[PDB]
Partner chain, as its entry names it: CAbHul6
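Shown next as structure tokens: one chain only, the form deposited without the partner chain.
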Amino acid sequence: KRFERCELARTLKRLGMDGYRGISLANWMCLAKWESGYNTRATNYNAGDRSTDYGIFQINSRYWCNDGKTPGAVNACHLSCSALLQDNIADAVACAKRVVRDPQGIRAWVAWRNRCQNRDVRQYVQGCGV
């Protein structure tokens, strides 16, 4: 499923993302936009370390979810990576919350640093009624 901008903004808001650990909804939108283009079925294979990035937030299998094919990986969100490929993003959001509960926070995603950190992300939630 490829969410429409505002559709996703309200979806994230309903799931408790707005201001979760100090992160505004606009930042989460900016993350999803650059990570997957709002696409829940997005996946990126990293041939170098044999891990795969899953879903709307492109969450990595080495640490966050289990796919049974990433060497010496852990499953911190205690989810099968399949859970991160559903149209319903509740499980993915629970995992994204787990990710930011770590020391880096939203900085865990290099894409957020490159495309959202110290940028104007207001645009992502304008007109969405959030």
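Numbering follows the first chain given and starts at 1.
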**Of 46-54 and 29-37, the one with larger mean CA B-factor** = 46-54
**Asked** Taking only the CA atoms, which stretch has the higher mean B-factor in the record, 101-109 or 57-65?
**Response** 101-109
**Asked** What third of its chain, lowest, middle or highest, does the C-alpha temperature factor of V93 fall into?
**Response** lowest
**Item:** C81 CA temperature factor, ranked by third within the chain
**Value:** middle
**Prompt:** Is the Cα B-factor recorded for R115 in the lowest, middle or highest third of its chain?
**Reply:** highest
**Item:** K13, C-alpha B-factor rank within chain (lowest, middle or highest third)
**Value:** lowest
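Just so it is clear, the following notes concern the form solved in complex with the partner chain, a form of the same protein that is not shown.
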**Request:** Could you run down 33-70 and flag each residue that has a heavy atom within 4.5 Å of the partner chain in the deposited bound form?
**Result:** none
